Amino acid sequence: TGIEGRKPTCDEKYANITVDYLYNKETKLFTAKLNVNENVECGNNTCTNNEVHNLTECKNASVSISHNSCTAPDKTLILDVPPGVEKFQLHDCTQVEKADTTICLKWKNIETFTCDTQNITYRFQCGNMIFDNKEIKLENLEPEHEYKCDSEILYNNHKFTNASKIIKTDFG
């Protein structure tokens, strides 16, 4: 209305910018989607449609972010890329003799990755119960019920993969 608003630094405007990781199974590479409304500019590497493409799993990549609405210095964003989605398998560990009263689900690490495992979190939702662990086991379940158990894997609190398992408390 009056005086033109002071432009912030791009490092100021995008200091807390978030990213979503989208795996391409064909290329075995990740795309980082920048969670911003405006069409941002990236130096040197391109970020067409606010996406940084062809990122190798478990490797840090840096992207300098700017826009006309903000001044220098650029926001230097470190992309801590997660492990490949095909390196994890959701396995049903339920013992067949106890299938009527138990659920056992476990994520299996089917191939090695260099990312630190301390930043890897596994979450499960069976019914409406939420678990945080690589493996979950429920016992004393009432027979003849059906549950949709949803699970996701986070890297630095970033969901990069997920899967579902429908389990019945019976023998077949």
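We number the residues from 1 along the sequence you see.
Q: Quick check: 101-109 versus 31-39, which has the larger average CA B-factor in the record?
A: Of 101-109 and 31-39, the stretch with the higher C-alpha B-factor average is 31-39.
Q: Higher mean Cα B-factor in the deposited model: 4-12 or 163-171?
A: Mean B over CA atoms: larger for 4-12.
Q: Select one of 130, 58, 47, 136: the residue whose C-alpha shows the highest B-factor in the crystal structure entry.
A: Going by the entry's C-alpha B-factors, 47 comes out highest.
Q: Name the residue from 72, 90, 85, 81 with the greatest C-alpha temperature factor listed in the entry.
A: Result of the comparison over 72, 90, 85, 81: 72.
Q: Is residue 115 in the lowest, middle or highest third of its chain when residues are ranked by C-alpha B-factor?
A: Middle third, going by the recorded CA B-factors of the chain.
Q: Classify residue 54 as lowest, middle or highest third according to the C-alpha B-factor given in the PDB entry, relative to its own chain.
A: Middle third of the chain for residue 54's C-alpha B-factor.
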